[PDB]
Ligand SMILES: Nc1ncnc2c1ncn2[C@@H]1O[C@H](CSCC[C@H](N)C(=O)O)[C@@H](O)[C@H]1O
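Next up: a single chain in C-alpha cells, the form deposited without this ligand.
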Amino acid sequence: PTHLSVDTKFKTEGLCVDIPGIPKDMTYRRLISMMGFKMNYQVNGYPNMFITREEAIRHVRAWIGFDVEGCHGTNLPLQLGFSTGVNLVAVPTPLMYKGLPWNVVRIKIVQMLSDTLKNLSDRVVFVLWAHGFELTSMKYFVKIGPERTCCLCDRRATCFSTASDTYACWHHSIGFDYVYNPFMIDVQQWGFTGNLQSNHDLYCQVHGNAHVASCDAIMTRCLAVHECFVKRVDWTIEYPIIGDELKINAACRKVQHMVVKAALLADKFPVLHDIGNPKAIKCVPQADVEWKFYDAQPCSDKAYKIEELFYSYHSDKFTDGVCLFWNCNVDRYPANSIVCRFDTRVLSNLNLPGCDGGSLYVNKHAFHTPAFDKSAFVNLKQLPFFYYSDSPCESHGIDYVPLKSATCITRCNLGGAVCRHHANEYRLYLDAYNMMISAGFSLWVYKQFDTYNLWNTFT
C-alpha cells in the first residue's frame, strides 16, 4: 500500500455535467487515458497522476487548489482558477486576466507554480473538486513521463521546456512552458453530499463564492485542509526542513526560559499553572515555585473556551499564582497569564493558508491553528524585549564593540558597564527573540509585569 493503483475505481457522477454519458464504471487508468495521457507501462517513479489522501497529507506544502470554469470545450474559452487567487483565460483559436491562447497561458502557469512552490515543495498537487473541464484541460499545459532531475541541479524535475528540450525544478524553470509530472487529488472522491459551497461553508466563513474559477479553487484547498488537518489530526507525520525551522524552535526554548524565569523573579508567584503540551517539562527547572501541569492538546478547530479548561471542578484556584499558556490557544486569557500565541496572519514558508481564518503551521509537524484574535489578550499587555542574566561576568574562550542598552538587565549593566560575556549573550538572545517574533509568534504578559523589579534580584 504505497501508491494509488491505476486499477482503483473513480466515481464519475461529478463529471457527467461537463462530460455527459461518462461511464459509471471508471478506473484511474481509464480516466488518465481519457484525459489524453499515456503511461506506457512505465515503472519509472510516476505510477499514477492521482494520489492517495495519505500521500496528499505528506505533500501538503505542494497543494494548489485548481478549478476550470467554462466561460462560453475546444469551441468555448476557459477560465483557469488557482488557490493563489489567479484567474487565467485560455482560448482555443481574484486577479482576472484576459483571453489568450494555450501556448502563452502554459508559460504563465509554469512561472506562477514555480514562484509559489520553489521554497515550499519538490512538486505540485492539484487539489480538485473535479467536474470535467479541469481534467480535460490538463493536456494543454501538462507533460508526463519517467521521473527526471533538474538540468541545472539535483532536485526532481517539475517543468519541461519545448524550446530547449530540457527539464527543470521550480528553482530553474525560467522560460519553461510545460508542467512536468504533476500530481492531483479529487476531493469529491472522499464521499460528500451536495456541492462544494455547501460543504466548504459548513466549516469556513472567510472564503466567499464570487463565481470566478479561483474562488472554487480556494474553497477546494480549504475544504481539503479541513478534512485532513482540522477534523483529522495526525501529529506523527514528519515534514522536511525548508527554512529556519531549527533556529525558530531553539529560540522558542530560549525565550520561554527567559520570560518565565524573569516573571518568577520579579513577582515571585508561589505556584505556576502550566496549561498546554501534555509532554512538557519545567522550562525553568531551578525555580523555587510549585509547578502544576494540565494536559491540553493543540486545538486545531476553535480556540479553547477558558471556562472548559478551568471550571467544572488541579489547584482549582488558577487565580493563585501565574498561568503559563505556551502555544495553548484560549478564547480569553486570565489577567495572571504568561502567553505565547502564534499569529496566523504571518507571511512565511512555514505558514500555509488555512480554514476559517486559521493557518496551517508546518514546522516538523503540521498544526492547523485557529484564527488569531486580538480580543483574547484584553486582560494582558504585550511583553516587551528584555535580556536577563544572573550568571557571572566571565568571558572564556568574535570581535567586540561596547554594548549600551537599557534592556540588558545584568549586574555589569547595573554596575554601569556591560561585560563582553553578557554583551555576547544579549546579542545572541536578541537574534533568537527577533527570529521567533518574525516567525509569527506573539508574547503577552500580566499588566503588572515590570522588568524594573529584576534589578534588585542582584544585591
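From 1 onward, residues are counted along the sequence shown.
Beyond the structure shown, there is the form deposited with this ligand bound, which is absent from this document and is the topic of what follows.
- Overlaying this ligand from its position in the bound PDB entry puts 3 or more ligand atoms within 2.4 angstroms of backbone or C-beta atoms here, which marks the pocket as blocked.
- Site annotation in the bound PDB entry: the residue of 296, 376, 151, 383 reaching within 4.5 Å of this ligand with a heavy atom is 296.
- Residue 277 is the only one of 111, 199, 189, 277 with a heavy atom lying within 4.5 Å of this ligand in the bound PDB entry.
- Although the partner is absent from this view, residue 168 stays clear of this ligand in the bound PDB entry, with no non-hydrogen atom inside 4.5 angstroms.
- Residue contact with this ligand in the bound PDB entry: residue 372 places no heavy atom within 4.5 Å of it.
- This ligand is not shown here, but in the bound PDB entry it comes within 4.5 Å of a heavy atom of residue 310.
- In the bound PDB entry, at least one heavy atom of residue 330 sits within 4.5 Å of this ligand.
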